[PDB]
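Just one chain follows, in the form deposited in one PDB entry, and it is written as structure tokens.
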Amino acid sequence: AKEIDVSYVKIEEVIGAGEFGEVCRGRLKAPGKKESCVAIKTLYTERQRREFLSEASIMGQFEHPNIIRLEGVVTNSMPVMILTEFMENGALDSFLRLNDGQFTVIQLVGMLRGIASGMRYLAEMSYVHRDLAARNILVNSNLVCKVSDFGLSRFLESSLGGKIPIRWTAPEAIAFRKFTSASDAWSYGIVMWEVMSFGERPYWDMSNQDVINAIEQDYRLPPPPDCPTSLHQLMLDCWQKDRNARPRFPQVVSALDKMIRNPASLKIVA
């Protein structure tokens, strides 16, 4: 679905370095449709091409305001491209670093609510994300946060799947490679911590191995400076060792909505 004629795409600036090629900003103009801004991912073995394009296959089946929208692919022409909606503020971790301390707690909670709604939807579709991290959240001009980074490849036990993201991964997923929506809930807690810390690196003073050891020994990240206690408590709930004890994404959204309804609750900080 959404194969598009390369003649309809005008490539503008190179805006990032992607994991397997350049990231560009461009313009898509198709007959009968208004022109739109697009982000463009470019691409190897046939296995790697099929893994690359698997992102588009799955993205094309999602439709949600907090999930990045697929515009199309260029495959019957080289270089192979994936075109999505353009997200003007780029990745959330770097966006927050650029804007450190400059958004209100209520704004940050709205961002987290958007991400949580995107995850609620993925969980409802039985899609387990496995790499949920602030770097994989994209931000538009109205501060709407959208989940990105999809595909049907597996992590490295060469495939474009990547290494397991230790700092974002639930202990049972690291130990047993059992990835579920409950392990995504653990990652979501890490994302909450990243957002409330304006894009600080999780466990910034620890190696990947130190993090594995720490979590096994009951260490959990502390509240970021100025972080409402209620938000930190929700993080701790997401980081329960027993995956079945973690909140599900509908409960995550509902908890954030209650905070938004009752903003005085956000004034309590440790």
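So that there is no doubt, residue numbering starts at 1 and follows the sequence shown. Superpose the two forms; the largest set of C-alphas matching within 1.5 Å is the rigid core.
In what follows, reference is made to the form deposited in another entry, a form of this protein that is not presented.
- With the rigid core aligned between the shown form and the other one, the listed residues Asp242, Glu35, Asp226, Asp218 include just one Cα displaced by at least 2 Å, namely that of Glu35.
- When two forms of a protein are overlaid on their rigid core, residues whose CA moves 2 Å or more are considered shifted, and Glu12 is one of them between the shown form and the other one.
- Relative to the superposed rigid core, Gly90 undergoes a CA displacement smaller than 2 Å between the shown form and the other one.
- Once the rigid core is used as the reference frame, the Cα position of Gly199 differs between the shown form and the other one by less than 2 Å.
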